file target-v6.json (JSON, C-alpha atoms and all ligand atoms)
[["chain", "number", "residue", "atom", "x", "y", "z"],
["Y", 1, "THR", "CA", 61.75, 124.71, 164.58],
["Y", 2, "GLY", "CA", 65.15, 123.01, 164.61],
["Y", 3, "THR", "CA", 68.67, 123.17, 166.03],
["Y", 4, "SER", "CA", 71.02, 126.06, 165.35],
["Y", 5, "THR", "CA", 73.89, 125.16, 163.09],
["Y", 6, "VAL", "CA", 76.78, 126.87, 161.24],
["Y", 7, "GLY", "CA", 77.06, 126.52, 157.48],
["Y", 8, "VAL", "CA", 79.72, 127.76, 155.11],
["Y", 9, "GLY", "CA", 79.30, 129.41, 151.75],
["Y", 10, "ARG", "CA", 80.61, 131.75, 149.08],
["Y", 11, "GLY", "CA", 79.07, 135.14, 148.41],
["Y", 12, "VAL", "CA", 78.55, 137.15, 145.25],
["Y", 13, "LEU", "CA", 82.12, 138.60, 145.28],
["Y", 14, "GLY", "CA", 83.68, 135.14, 145.78],
["Y", 15, "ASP", "CA", 84.60, 135.31, 149.48],
["Y", 16, "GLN", "CA", 83.98, 132.43, 151.88],
["Y", 17, "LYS", "CA", 81.96, 133.13, 155.02],
["Y", 18, "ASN", "CA", 80.14, 131.26, 157.79],
["Y", 19, "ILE", "CA", 76.36, 131.57, 158.03],
["Y", 20, "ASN", "CA", 74.01, 130.74, 160.82],
["Y", 21, "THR", "CA", 71.49, 128.12, 159.77],
["Y", 22, "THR", "CA", 68.82, 125.87, 161.30],
["Y", 23, "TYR", "CA", 68.66, 122.07, 160.91],
["Y", 24, "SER", "CA", 65.38, 120.18, 160.51],
["Y", 25, "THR", "CA", 65.72, 117.53, 157.77],
["Y", 26, "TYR", "CA", 67.24, 120.28, 155.60],
["Y", 27, "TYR", "CA", 69.53, 123.15, 156.60],
["Y", 28, "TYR", "CA", 67.65, 126.43, 156.32],
["Y", 29, "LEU", "CA", 68.87, 130.02, 156.07],
["Y", 30, "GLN", "CA", 67.38, 130.87, 159.45],
["Y", 31, "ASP", "CA", 69.74, 132.56, 161.94],
["Y", 32, "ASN", "CA", 68.42, 132.15, 165.46],
["Y", 33, "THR", "CA", 71.35, 134.03, 167.04],
["Y", 34, "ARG", "CA", 69.96, 137.49, 166.29],
["Y", 35, "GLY", "CA", 66.65, 138.63, 167.80],
["Y", 36, "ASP", "CA", 63.57, 136.72, 166.63],
["Y", 37, "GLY", "CA", 65.68, 135.51, 163.70],
["Y", 38, "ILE", "CA", 67.04, 136.38, 160.26],
["Y", 39, "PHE", "CA", 65.23, 134.42, 157.49],
["Y", 40, "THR", "CA", 66.31, 134.28, 153.84],
["Y", 41, "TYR", "CA", 63.98, 133.09, 151.08],
["Y", 42, "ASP", "CA", 64.16, 131.94, 147.44],
["Y", 43, "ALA", "CA", 61.83, 133.89, 145.11],
["Y", 44, "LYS", "CA", 62.75, 131.48, 142.26],
["Y", 45, "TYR", "CA", 62.83, 134.16, 139.56],
["Y", 46, "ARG", "CA", 59.20, 135.08, 140.28],
["Y", 47, "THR", "CA", 57.61, 138.13, 141.89],
["Y", 48, "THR", "CA", 55.49, 136.29, 144.48],
["Y", 49, "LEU", "CA", 56.84, 137.09, 147.97],
["Y", 50, "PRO", "CA", 58.45, 135.91, 150.08],
["Y", 51, "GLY", "CA", 58.92, 132.62, 148.26],
["Y", 52, "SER", "CA", 60.29, 129.52, 150.05],
["Y", 53, "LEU", "CA", 62.51, 129.61, 153.13],
["Y", 54, "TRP", "CA", 65.96, 128.69, 151.74],
["Y", 55, "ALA", "CA", 66.62, 124.95, 152.13],
["Y", 56, "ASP", "CA", 69.93, 123.17, 151.49],
["Y", 57, "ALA", "CA", 70.73, 119.45, 151.88],
["Y", 58, "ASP", "CA", 74.30, 119.71, 153.27],
["Y", 59, "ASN", "CA", 74.82, 123.13, 154.94],
["Y", 60, "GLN", "CA", 77.41, 124.05, 152.24],
["Y", 61, "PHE", "CA", 76.50, 127.01, 150.08],
["Y", 62, "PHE", "CA", 79.04, 127.13, 147.25],
["Y", 63, "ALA", "CA", 76.78, 126.87, 144.21],
["Y", 64, "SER", "CA", 76.39, 129.85, 141.92],
["Y", 65, "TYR", "CA", 72.65, 129.96, 142.70],
["Y", 66, "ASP", "CA", 73.46, 130.11, 146.43],
["Y", 67, "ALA", "CA", 75.70, 133.22, 146.35],
["Y", 68, "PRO", "CA", 72.99, 135.92, 146.50],
["Y", 69, "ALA", "CA", 71.30, 134.10, 149.42],
["Y", 70, "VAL", "CA", 74.54, 133.75, 151.36],
["Y", 71, "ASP", "CA", 75.16, 137.50, 151.11],
["Y", 72, "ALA", "CA", 71.59, 138.63, 151.83],
["Y", 73, "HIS", "CA", 71.65, 136.42, 154.95],
["Y", 74, "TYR", "CA", 75.17, 137.34, 156.12],
["Y", 75, "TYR", "CA", 74.91, 141.08, 155.51],
["Y", 76, "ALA", "CA", 71.53, 141.25, 157.23],
["Y", 77, "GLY", "CA", 73.40, 139.80, 160.23],
["Y", 78, "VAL", "CA", 76.12, 142.41, 159.98],
["Y", 79, "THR", "CA", 73.50, 145.15, 159.77],
["Y", 80, "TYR", "CA", 71.67, 143.73, 162.82],
["Y", 81, "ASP", "CA", 75.00, 143.76, 164.68],
["Y", 82, "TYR", "CA", 75.72, 147.35, 163.77],
["Y", 83, "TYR", "CA", 72.39, 148.60, 165.04],
["Y", 84, "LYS", "CA", 72.60, 146.53, 168.27],
["Y", 85, "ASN", "CA", 76.23, 147.17, 169.11],
["Y", 86, "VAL", "CA", 76.55, 150.78, 167.98],
["Y", 87, "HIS", "CA", 73.06, 152.16, 168.64],
["Y", 88, "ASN", "CA", 71.58, 149.73, 171.24],
["Y", 89, "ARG", "CA", 68.72, 149.04, 168.79],
["Y", 90, "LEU", "CA", 67.25, 145.53, 168.56],
["Y", 91, "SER", "CA", 66.35, 144.93, 164.92],
["Y", 92, "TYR", "CA", 64.46, 147.48, 162.83],
["Y", 93, "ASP", "CA", 61.52, 147.93, 165.16],
["Y", 94, "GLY", "CA", 63.58, 148.08, 168.37],
["Y", 95, "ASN", "CA", 61.87, 144.87, 169.59],
["Y", 96, "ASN", "CA", 63.80, 142.21, 167.72],
["Y", 97, "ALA", "CA", 61.36, 141.80, 164.81],
["Y", 98, "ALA", "CA", 62.35, 138.96, 162.46],
["Y", 99, "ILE", "CA", 64.32, 140.19, 159.43],
["Y", 100, "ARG", "CA", 63.14, 138.56, 156.20],
["Y", 101, "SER", "CA", 64.88, 138.79, 152.78],
["Y", 102, "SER", "CA", 64.10, 137.26, 149.39],
["Y", 103, "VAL", "CA", 66.64, 136.74, 146.63],
["Y", 104, "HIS", "CA", 66.33, 135.73, 142.97],
["Y", 105, "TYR", "CA", 63.42, 138.19, 142.65],
["Y", 106, "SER", "CA", 62.06, 138.26, 139.08],
["Y", 107, "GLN", "CA", 64.29, 138.01, 135.96],
["Y", 108, "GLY", "CA", 67.01, 140.49, 135.18],
["Y", 109, "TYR", "CA", 65.80, 142.83, 137.97],
["Y", 110, "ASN", "CA", 68.21, 145.71, 138.43],
["Y", 111, "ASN", "CA", 67.13, 146.83, 141.87],
["Y", 112, "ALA", "CA", 66.45, 145.95, 145.50],
["Y", 113, "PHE", "CA", 63.88, 147.25, 147.92],
["Y", 114, "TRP", "CA", 62.15, 147.19, 151.27],
["Y", 115, "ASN", "CA", 58.46, 146.39, 150.53],
["Y", 116, "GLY", "CA", 57.04, 147.51, 153.92],
["Y", 117, "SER", "CA", 57.65, 144.02, 155.41],
["Y", 118, "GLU", "CA", 60.85, 142.54, 153.99],
["Y", 119, "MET", "CA", 63.93, 143.07, 151.85],
["Y", 120, "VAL", "CA", 63.87, 141.98, 148.19],
["Y", 121, "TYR", "CA", 66.89, 141.61, 145.87],
["Y", 122, "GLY", "CA", 67.09, 141.29, 142.11],
["Y", 123, "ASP", "CA", 69.87, 139.32, 140.41],
["Y", 124, "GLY", "CA", 70.64, 142.15, 138.01],
["Y", 125, "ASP", "CA", 70.87, 141.66, 134.26],
["Y", 126, "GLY", "CA", 74.61, 141.00, 134.55],
["Y", 127, "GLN", "CA", 75.53, 144.24, 132.74],
["Y", 128, "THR", "CA", 73.99, 147.03, 134.84],
["Y", 129, "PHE", "CA", 74.10, 144.94, 138.07],
["Y", 130, "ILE", "CA", 75.16, 141.64, 139.46],
["Y", 131, "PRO", "CA", 73.02, 140.24, 142.28],
["Y", 132, "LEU", "CA", 72.33, 143.21, 144.50],
["Y", 133, "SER", "CA", 72.71, 141.51, 147.86],
["Y", 134, "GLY", "CA", 76.45, 141.34, 147.10],
["Y", 135, "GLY", "CA", 76.80, 144.93, 148.25],
["Y", 136, "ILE", "CA", 76.81, 145.38, 152.02],
["Y", 137, "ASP", "CA", 75.87, 149.07, 151.58],
["Y", 138, "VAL", "CA", 72.87, 147.97, 149.50],
["Y", 139, "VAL", "CA", 71.68, 145.47, 152.14],
["Y", 140, "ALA", "CA", 72.14, 148.02, 154.92],
["Y", 141, "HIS", "CA", 70.45, 150.76, 152.82],
["Y", 142, "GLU", "CA", 67.36, 148.59, 152.42],
["Y", 143, "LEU", "CA", 67.19, 147.46, 156.07],
["Y", 144, "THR", "CA", 67.62, 151.11, 157.08],
["Y", 145, "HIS", "CA", 64.37, 151.84, 155.28],
["Y", 146, "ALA", "CA", 62.68, 149.52, 157.77],
["Y", 147, "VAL", "CA", 64.32, 151.51, 160.63],
["Y", 148, "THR", "CA", 63.13, 154.79, 159.21],
["Y", 149, "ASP", "CA", 59.62, 153.50, 158.59],
["Y", 150, "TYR", "CA", 59.32, 152.41, 162.29],
["Y", 151, "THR", "CA", 60.82, 155.66, 163.62],
["Y", 152, "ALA", "CA", 60.62, 159.04, 161.85],
["Y", 153, "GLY", "CA", 58.30, 157.61, 159.20],
["Y", 154, "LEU", "CA", 59.58, 160.01, 156.48],
["Y", 155, "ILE", "CA", 57.06, 160.16, 153.60],
["Y", 156, "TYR", "CA", 58.66, 158.83, 150.31],
["Y", 157, "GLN", "CA", 58.18, 162.06, 148.29],
["Y", 158, "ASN", "CA", 59.90, 165.41, 147.83],
["Y", 159, "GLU", "CA", 62.21, 166.61, 150.66],
["Y", 160, "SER", "CA", 60.99, 164.09, 153.27],
["Y", 161, "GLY", "CA", 61.70, 161.32, 150.76],
["Y", 162, "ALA", "CA", 65.15, 162.67, 149.92],
["Y", 163, "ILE", "CA", 65.96, 162.59, 153.65],
["Y", 164, "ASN", "CA", 64.61, 159.04, 153.79],
["Y", 165, "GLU", "CA", 66.98, 158.05, 150.96],
["Y", 166, "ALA", "CA", 69.95, 159.88, 152.45],
["Y", 167, "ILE", "CA", 69.42, 158.22, 155.84],
["Y", 168, "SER", "CA", 69.62, 154.85, 154.03],
["Y", 169, "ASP", "CA", 72.82, 155.87, 152.16],
["Y", 170, "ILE", "CA", 74.35, 157.27, 155.38],
["Y", 171, "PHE", "CA", 73.75, 154.16, 157.44],
["Y", 172, "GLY", "CA", 74.45, 151.90, 154.51],
["Y", 173, "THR", "CA", 77.92, 153.48, 154.37],
["Y", 174, "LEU", "CA", 78.41, 153.44, 158.14],
["Y", 175, "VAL", "CA", 77.63, 149.68, 158.09],
["Y", 176, "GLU", "CA", 80.12, 149.21, 155.26],
["Y", 177, "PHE", "CA", 82.73, 150.93, 157.44],
["Y", 178, "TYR", "CA", 81.72, 148.78, 160.48],
["Y", 179, "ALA", "CA", 82.33, 145.59, 158.48],
["Y", 180, "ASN", "CA", 85.57, 147.23, 157.30],
["Y", 181, "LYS", "CA", 86.24, 145.30, 154.12],
["Y", 182, "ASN", "CA", 86.83, 147.93, 151.34],
["Y", 183, "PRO", "CA", 84.79, 150.81, 152.75],
["Y", 184, "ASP", "CA", 84.18, 154.07, 150.92],
["Y", 185, "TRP", "CA", 81.68, 156.87, 150.59],
["Y", 186, "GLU", "CA", 80.17, 155.46, 147.36],
["Y", 187, "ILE", "CA", 76.87, 153.57, 147.02],
["Y", 188, "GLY", "CA", 76.62, 150.19, 145.32],
["Y", 189, "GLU", "CA", 80.11, 149.98, 143.81],
["Y", 190, "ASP", "CA", 80.45, 146.25, 144.56],
["Y", 191, "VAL", "CA", 77.45, 145.25, 142.45],
["Y", 192, "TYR", "CA", 77.11, 148.00, 139.85],
["Y", 193, "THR", "CA", 78.43, 147.61, 136.29],
["Y", 194, "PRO", "CA", 80.77, 144.64, 136.51],
["Y", 195, "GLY", "CA", 82.25, 145.72, 133.14],
["Y", 196, "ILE", "CA", 83.35, 149.15, 134.49],
["Y", 197, "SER", "CA", 85.86, 149.69, 137.25],
["Y", 198, "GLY", "CA", 85.71, 152.62, 139.70],
["Y", 199, "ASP", "CA", 82.07, 153.75, 139.32],
["Y", 200, "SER", "CA", 78.99, 153.55, 141.52],
["Y", 201, "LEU", "CA", 75.26, 154.42, 141.62],
["Y", 202, "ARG", "CA", 75.74, 157.49, 143.79],
["Y", 203, "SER", "CA", 78.59, 159.24, 145.56],
["Y", 204, "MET", "CA", 78.35, 160.85, 148.99],
["Y", 205, "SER", "CA", 81.79, 162.50, 148.74],
["Y", 206, "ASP", "CA", 80.95, 164.05, 145.33],
["Y", 207, "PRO", "CA", 77.29, 163.59, 144.35],
["Y", 208, "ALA", "CA", 77.74, 165.61, 141.14],
["Y", 209, "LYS", "CA", 79.99, 162.84, 139.79],
["Y", 210, "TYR", "CA", 76.73, 160.92, 138.97],
["Y", 211, "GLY", "CA", 74.51, 163.97, 138.23],
["Y", 212, "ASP", "CA", 73.13, 164.52, 141.72],
["Y", 213, "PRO", "CA", 73.01, 167.92, 143.40],
["Y", 214, "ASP", "CA", 75.57, 168.88, 146.07],
["Y", 215, "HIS", "CA", 73.85, 172.18, 146.93],
["Y", 216, "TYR", "CA", 70.26, 173.17, 147.64],
["Y", 217, "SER", "CA", 70.34, 175.68, 144.79],
["Y", 218, "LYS", "CA", 70.72, 172.69, 142.41],
["Y", 219, "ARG", "CA", 67.78, 170.72, 143.82],
["Y", 220, "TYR", "CA", 65.45, 168.89, 141.44],
["Y", 221, "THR", "CA", 61.89, 170.31, 141.58],
["Y", 222, "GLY", "CA", 60.09, 168.11, 139.04],
["Y", 223, "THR", "CA", 57.91, 165.01, 139.32],
["Y", 224, "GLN", "CA", 60.30, 162.14, 138.36],
["Y", 225, "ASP", "CA", 61.49, 159.70, 141.02],
["Y", 226, "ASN", "CA", 58.80, 160.79, 143.52],
["Y", 227, "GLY", "CA", 60.08, 164.36, 143.33],
["Y", 228, "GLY", "CA", 63.74, 163.32, 143.06],
["Y", 229, "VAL", "CA", 64.14, 161.26, 146.24],
["Y", 230, "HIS", "CA", 67.31, 159.52, 144.91],
["Y", 231, "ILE", "CA", 68.55, 162.78, 143.35],
["Y", 232, "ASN", "CA", 68.08, 165.37, 146.07],
["Y", 233, "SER", "CA", 69.42, 162.91, 148.61],
["Y", 234, "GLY", "CA", 72.83, 164.11, 147.27],
["Y", 235, "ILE", "CA", 72.46, 167.36, 149.15],
["Y", 236, "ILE", "CA", 72.08, 165.55, 152.50],
["Y", 237, "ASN", "CA", 74.63, 162.89, 151.64],
["Y", 238, "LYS", "CA", 77.16, 165.66, 151.00],
["Y", 239, "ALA", "CA", 76.34, 167.35, 154.28],
["Y", 240, "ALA", "CA", 76.83, 164.05, 156.14],
["Y", 241, "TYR", "CA", 80.11, 163.42, 154.34],
["Y", 242, "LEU", "CA", 81.31, 166.89, 155.30],
["Y", 243, "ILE", "CA", 80.32, 166.48, 158.96],
["Y", 244, "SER", "CA", 82.33, 163.23, 159.17],
["Y", 245, "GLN", "CA", 85.28, 163.97, 156.89],
["Y", 246, "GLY", "CA", 85.52, 167.73, 156.68],
["Y", 247, "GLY", "CA", 86.27, 169.91, 153.69],
["Y", 248, "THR", "CA", 85.69, 173.21, 152.03],
["Y", 249, "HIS", "CA", 82.68, 173.22, 149.68],
["Y", 250, "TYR", "CA", 81.48, 176.25, 147.78],
["Y", 251, "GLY", "CA", 83.97, 178.19, 149.94],
["Y", 252, "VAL", "CA", 82.48, 177.06, 153.30],
["Y", 253, "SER", "CA", 84.95, 175.19, 155.53],
["Y", 254, "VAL", "CA", 83.79, 172.25, 157.69],
["Y", 255, "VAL", "CA", 85.92, 170.62, 160.40],
["Y", 256, "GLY", "CA", 85.28, 166.88, 160.29],
["Y", 257, "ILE", "CA", 84.24, 165.08, 163.47],
["Y", 258, "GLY", "CA", 84.45, 161.49, 162.18],
["Y", 259, "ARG", "CA", 82.08, 158.68, 161.34],
["Y", 260, "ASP", "CA", 81.11, 157.53, 164.88],
["Y", 261, "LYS", "CA", 79.86, 161.02, 165.81],
["Y", 262, "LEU", "CA", 78.12, 161.41, 162.45],
["Y", 263, "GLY", "CA", 76.23, 158.15, 163.13],
["Y", 264, "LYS", "CA", 75.33, 159.22, 166.68],
["Y", 265, "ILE", "CA", 73.99, 162.56, 165.54],
["Y", 266, "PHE", "CA", 71.92, 161.21, 162.67],
["Y", 267, "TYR", "CA", 70.60, 158.17, 164.65],
["Y", 268, "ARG", "CA", 69.41, 160.58, 167.38],
["Y", 269, "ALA", "CA", 67.88, 162.91, 164.82],
["Y", 270, "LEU", "CA", 66.10, 160.00, 163.12],
["Y", 271, "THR", "CA", 64.74, 158.49, 166.34],
["Y", 272, "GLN", "CA", 63.97, 161.59, 168.46],
["Y", 273, "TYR", "CA", 63.31, 164.60, 166.23],
["Y", 274, "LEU", "CA", 62.33, 163.80, 162.63],
["Y", 275, "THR", "CA", 58.69, 163.32, 161.65],
["Y", 276, "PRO", "CA", 56.98, 161.99, 158.56],
["Y", 277, "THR", "CA", 56.84, 165.47, 156.94],
["Y", 278, "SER", "CA", 60.27, 166.80, 157.89],
["Y", 279, "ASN", "CA", 62.00, 168.91, 155.24],
["Y", 280, "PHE", "CA", 65.68, 169.81, 154.80],
["Y", 281, "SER", "CA", 65.49, 172.86, 157.08],
["Y", 282, "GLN", "CA", 63.86, 170.66, 159.73],
["Y", 283, "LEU", "CA", 66.57, 168.07, 159.33],
["Y", 284, "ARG", "CA", 69.18, 170.77, 159.98],
["Y", 285, "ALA", "CA", 67.35, 171.75, 163.17],
["Y", 286, "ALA", "CA", 67.06, 168.10, 164.24],
["Y", 287, "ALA", "CA", 70.78, 167.48, 163.64],
["Y", 288, "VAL", "CA", 71.78, 170.69, 165.50],
["Y", 289, "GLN", "CA", 69.57, 169.67, 168.45],
["Y", 290, "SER", "CA", 70.88, 166.07, 168.46],
["Y", 291, "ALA", "CA", 74.49, 167.26, 168.42],
["Y", 292, "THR", "CA", 73.66, 169.69, 171.21],
["Y", 293, "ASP", "CA", 72.12, 166.86, 173.31],
["Y", 294, "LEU", "CA", 75.18, 164.65, 172.75],
["Y", 295, "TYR", "CA", 78.13, 167.07, 172.89],
["Y", 296, "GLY", "CA", 76.82, 170.41, 174.16],
["Y", 297, "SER", "CA", 75.78, 173.69, 172.56],
["Y", 298, "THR", "CA", 79.35, 175.17, 172.51],
["Y", 299, "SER", "CA", 80.86, 172.01, 170.97],
["Y", 300, "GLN", "CA", 82.87, 171.59, 167.83],
["Y", 301, "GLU", "CA", 80.34, 168.91, 166.85],
["Y", 302, "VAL", "CA", 77.50, 171.42, 166.82],
["Y", 303, "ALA", "CA", 79.62, 173.97, 164.98],
["Y", 304, "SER", "CA", 80.46, 171.41, 162.27],
["Y", 305, "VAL", "CA", 76.80, 170.40, 161.79],
["Y", 306, "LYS", "CA", 75.97, 174.08, 161.20],
["Y", 307, "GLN", "CA", 78.89, 174.60, 158.77],
["Y", 308, "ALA", "CA", 78.03, 171.41, 156.83],
["Y", 309, "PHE", "CA", 74.43, 172.45, 156.30],
["Y", 310, "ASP", "CA", 75.62, 176.00, 155.35],
["Y", 311, "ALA", "CA", 78.01, 174.44, 152.82],
["Y", 312, "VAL", "CA", 75.16, 172.65, 151.04],
["Y", 313, "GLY", "CA", 72.88, 175.68, 151.21],
["Y", 314, "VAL", "CA", 70.36, 174.45, 153.82],
["F", 401, "LIG", "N1", 67.55, 152.29, 144.01],
["F", 401, "LIG", "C1", 67.49, 153.40, 143.05],
["F", 401, "LIG", "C2", 68.52, 153.24, 141.92],
["F", 401, "LIG", "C3", 68.50, 151.91, 141.21],
["F", 401, "LIG", "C4", 68.23, 152.06, 139.75],
["F", 401, "LIG", "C5", 68.18, 150.66, 139.20],
["F", 401, "LIG", "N2", 67.78, 150.57, 137.79],
["F", 401, "LIG", "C6", 66.07, 153.54, 142.51],
["F", 401, "LIG", "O1", 65.20, 152.69, 142.84],
["F", 401, "LIG", "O2", 65.76, 154.52, 141.82],
["F", 402, "CA", "CA", 74.54, 122.73, 149.55],
["F", 403, "CA", "CA", 83.22, 149.54, 149.17],
["F", 404, "CA", "CA", 80.09, 151.69, 149.31],
["F", 405, "CA", "CA", 81.27, 148.97, 138.13],
["F", 406, "ZN", "ZN", 66.33, 153.58, 149.23]]

call {"tool": "encode", "arguments": {"input": "target-v6.json", "output": "structure tokens"}}
result
Amino acid sequence: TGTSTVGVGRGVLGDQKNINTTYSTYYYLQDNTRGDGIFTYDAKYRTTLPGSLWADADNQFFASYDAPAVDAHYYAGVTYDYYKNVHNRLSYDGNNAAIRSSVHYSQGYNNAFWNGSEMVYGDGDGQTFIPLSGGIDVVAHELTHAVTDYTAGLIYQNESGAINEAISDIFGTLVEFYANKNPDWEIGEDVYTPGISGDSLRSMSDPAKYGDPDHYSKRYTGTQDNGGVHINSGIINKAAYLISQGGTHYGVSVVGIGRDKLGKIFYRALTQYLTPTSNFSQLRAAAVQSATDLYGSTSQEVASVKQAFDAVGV
């Protein structure tokens, strides 16, 4: 309990931004402006969660140790705004659930995750990753898992799990475009491999660039990565890219319909048609139905959904 205040800080990539805080003796990373609040915690290099609600003596967040917290807090706010403004959705559950994030998780931890209840961000080892909350697509990817878990409930294995992952990359990217800094169709480029320019974890525009399939005939069928959830997601990421941006892929031509309509179609599919066990063929059907609901059965939008899924062999 305290009074809402506005702090200032520097994020992982060195940019200054304002952050919404709460004052009660200390200034806490607690944003009361969005739903039931956005709360950012210090995990203090340990794996106990959530850790301590982030406290600061002066409401200025320019220390090196502060940067991952500033970005986890700020980009959760951006993500909240995207869902509210674009999709009329109030937080991940649709009922303004509090959004909780922990930073400084463990030592040298080269990942981030939604744990069923909150977001968690490693600092990276400084070679593979820098602190992972520095990437707006990463923050939005993880918070999108919460959305999925409350809605379609896609099981984290095999084709359902690859859809789960792709939904997170799709909305992660749409949020990155909403914020409009340096948007692209790549995943994690701002925090991956600080020694190497121009790479990323995954690509939506060309998944094969990083060894991921861009066609159903190239799907991974083994047991690694929960049946390739971060690998086979490339097939869906490519379809989504094609629906938005257009192109000819394996000789199948897709007329792009743009990002806003992509987001509308997939948000509707996610929230009205997908189920925990949906597979790729079922996703196609859900996307075709959603586009039909939104734009009509004779629409270009529907035609493009069908061409995009044809192009990737679904
Ligand atoms: N988030 C992906 C890629 C990160 C790999 C980090 N070492 C995964 O959990 O598989
Ligand atoms: Ca301070
Ligand atoms: Ca970018
Ligand atoms: Ca990106
Ligand atoms: Ca890099
Ligand atoms: Zn994920």

call {"tool": "closest_atom_pairs", "arguments": {"input": "target-v6.json", "of": "chain Y", "to": "ligand CA 402 (chain F)", "cutoff": "7 Å", "atoms": "all atoms listed in the file", "output": "CSV"}}
result
residue,atom,partner,partner_atom,distance
Y:56,CA,F:CA402,CA,5.0
Y:57,CA,F:CA402,CA,5.5
Y:58,CA,F:CA402,CA,4.8
Y:59,CA,F:CA402,CA,5.4
Y:60,CA,F:CA402,CA,4.1
Y:61,CA,F:CA402,CA,4.7
Y:62,CA,F:CA402,CA,6.7

call {"tool": "residues_near_ligand", "arguments": {"input": "target-v6.json", "ligand": "ligand LIG 401 (chain F)", "cutoff": "7 Å", "atoms": "only C-alpha atoms and all ligand atoms", "output": "compact mmCIF listing (two decimals) with C-alpha atoms, in the coordinates of the input"}}
result
# COMPACT_ATOMS: atom_id res chain seq x y z
CA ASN Y 110 68.21 145.71 138.43
CA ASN Y 111 67.13 146.83 141.87
CA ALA Y 112 66.45 145.95 145.50
CA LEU Y 201 75.26 154.42 141.62
CA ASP Y 225 61.49 159.70 141.02
CA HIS Y 230 67.31 159.52 144.91

call {"tool": "closest_residue", "arguments": {"input": "target-v6.json", "among": "Y:178, Y:150, Y:113, Y:54", "to": "residue 133 in chain Y", "atoms": "all atoms listed in the file"}}
result
Y:113

call {"tool": "residues_around", "arguments": {"input": "target-v6.json", "residues": "residue 282 in chain Y", "least_positions_apart": "2", "cutoff": "12 Å", "atoms": "only C-alpha atoms", "output": "MDAnalysis selection string"}}
result
chainID Y and resid 154 159:160 163 269:270 273:280 284:289 309 314

call {"tool": "residues_near_ligand", "arguments": {"input": "target-v6.json", "ligand": "ligand CA 404 (chain F)", "cutoff": "7 Å", "atoms": "all atoms listed in the file", "output": "list in words"}}
result
residues 137, 173, 176, 183, 184, 185, 186, 187, 188 and 189 of chain Y

call {"tool": "residues_around", "arguments": {"input": "target-v6.json", "residues": "residue 114 in chain Y", "least_positions_apart": "5", "cutoff": "8 Å", "atoms": "only C-alpha atoms", "output": "PDB file with C-alpha atoms, in the frame of the given file"}}
result
ATOM      1  CA  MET Y 119      63.930 143.070 151.850  1.00  0.00           C
ATOM      2  CA  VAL Y 120      63.870 141.980 148.190  1.00  0.00           C
ATOM      3  CA  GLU Y 142      67.360 148.590 152.420  1.00  0.00           C
ATOM      4  CA  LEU Y 143      67.190 147.460 156.070  1.00  0.00           C
ATOM      5  CA  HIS Y 145      64.370 151.840 155.280  1.00  0.00           C
ATOM      6  CA  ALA Y 146      62.680 149.520 157.770  1.00  0.00           C
TER       7      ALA Y 146
END
